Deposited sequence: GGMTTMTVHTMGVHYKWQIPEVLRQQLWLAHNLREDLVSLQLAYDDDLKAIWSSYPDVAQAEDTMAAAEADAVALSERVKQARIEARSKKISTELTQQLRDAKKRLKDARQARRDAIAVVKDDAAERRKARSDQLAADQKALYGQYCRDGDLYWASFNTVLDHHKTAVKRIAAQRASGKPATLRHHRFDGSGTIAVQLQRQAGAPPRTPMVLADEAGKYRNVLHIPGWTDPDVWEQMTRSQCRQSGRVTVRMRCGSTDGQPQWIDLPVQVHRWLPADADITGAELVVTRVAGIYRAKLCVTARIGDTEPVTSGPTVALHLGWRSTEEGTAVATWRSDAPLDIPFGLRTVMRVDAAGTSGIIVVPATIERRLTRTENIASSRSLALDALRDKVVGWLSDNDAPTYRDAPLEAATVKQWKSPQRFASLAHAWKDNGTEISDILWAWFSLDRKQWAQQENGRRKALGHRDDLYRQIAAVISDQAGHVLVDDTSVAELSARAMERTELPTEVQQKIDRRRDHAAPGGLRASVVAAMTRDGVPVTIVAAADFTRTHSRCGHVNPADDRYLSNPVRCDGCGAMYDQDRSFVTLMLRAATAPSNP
């Protein structure tokens, strides 16, 4: 029954962030910073105590940290504008973070908390309390205007998924445009709600249970984006029992048709969508194939890098012009202080010059126009420099997920390697350009998406020990030495004595080992 899921809805791009939401984000950021400082003080005090059996001392110091955490609830929630759901969310995140840090230190790997700086991105939360002996928080309950959670979270127009899938995409997209009234904390003791105009693509099972929701705001290229994520407790799915066995193995051999990333071998024929056959290649028999990634991903990422370099060039030229003009002319006051050539010359970030241009948008001086001459163009190309990158990465991710789906649609047993990921990606990945491909390939992402699909769809997953498999030749079964002979493919064997493919032999070994 316990299968948590998250459904996300995208707020309309024509929704300026209201002041209430901005203040909630600011308060959450301040709370996290204060918790970080308190934890750092606690860590230093524990170090000092150890620098002096002391468990009572440690226990006493820990309790004082607990009191300050409670006193933060008094400062931010009891006498502030923060919502008690946001505070609980941030406190839980901080507690989990410090627990993970302690676990890491126990092994011997050092770690520490790092401050951050507010930029406008953040998170607000809402928790749907369900006491014992209460009806479930089904989507029909949240869609009701006079329901229990009408002032906490209201998601109108829920249409049954069985009926939802029958509607055409036009009807599904036009009817999915709804408004969600979300509780947004307090304001001088005056509770505030926000009407998010959202677009919904999928709905929830009628038997779900909405545990909570959260609104996430992120700044991409200077433009705010908001997304509402709703968490529900879907009932579990019966695990599959019948289906072909598929073994998946990672690779990174460069190919003329893109970056080849994976090799899969199935014990029975698999059917692949015709929209993936250029990505998920399949041999004649349908039992083995290669997953390659297109070349457009690489071209787009290279174009983004070129854009970043051109931006650097333009910024350096503008810096030189600004320093020259400032030296040759007077300095109008900015930030209540005269402008100095030294400060401008040492500037690196485009943000400083963008802010200066905004301040001097209409100073009337010549350089102001020059400054605007840059600030316009920079704000365009910057968008490109990031947006295309995201799109490119998005494309790759989509492909991976699609591929994962097809496996869970047919496979009855999926096998994955274990030690052929980290160490192999560290050593045989083939340096700055060499390591660039692996970031663009990101085979670990494909592995993770496949694993997630198999877990969600009930497919059993078996992890095969890749130890002493790379050097193994399937046709002969002899361990060839590690003489970097595998820098290419195929590689001559030291057993039978013939060039054998390093990927097909590996996956056939995997299939043999699983069914033994």
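Asks: Ranges lacking C-alpha coordinates, please, mapped onto the deposited sequence and listed in sequence order.
Replies: The deposited sequence has unmodelled segments at 1-2, 55-122, 501-508, 595-598.
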